[PDB]
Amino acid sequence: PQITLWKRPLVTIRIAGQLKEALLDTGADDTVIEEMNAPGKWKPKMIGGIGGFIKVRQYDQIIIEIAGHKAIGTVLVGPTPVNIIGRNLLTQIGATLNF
């Protein structure tokens, strides 16, 4: 798809069988999701955003379908204003900015 930016670039993702809405976020290095049902082991991590730092659970090697395209990578689970798909997974699905 070609996604214009008059509205928030929100898409449906599928992550461990669950459907969620997430924001395609070119300003995000990392992918941050509010909650997820992955059975794997995880590691505690901290990340900073515009407002300060948060604690997240780092899951590696998570399978996620982003608007039909498969990605397999790191997902951070913690408090975000909205689920964000960052560059670590945008690169995988072949996303570029074009103007």
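Throughout, we count residues from 1 along the sequence that is shown.
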{"item": "Stretch with the greater mean C-alpha B-factor as recorded in the entry, comparing 38-46 against 51-59", "value": "38-46"}
{"item": "Given 14-22 and 78-86, the range whose Cα B-factors average higher in the PDB entry", "value": "14-22"}
{"item": "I33 - Cα temperature factor, lowest/middle/highest third of chain", "value": "middle"}
{"item": "CA B-factor placement of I66, once the chain's modelled residues are sorted into thirds", "value": "lowest"}
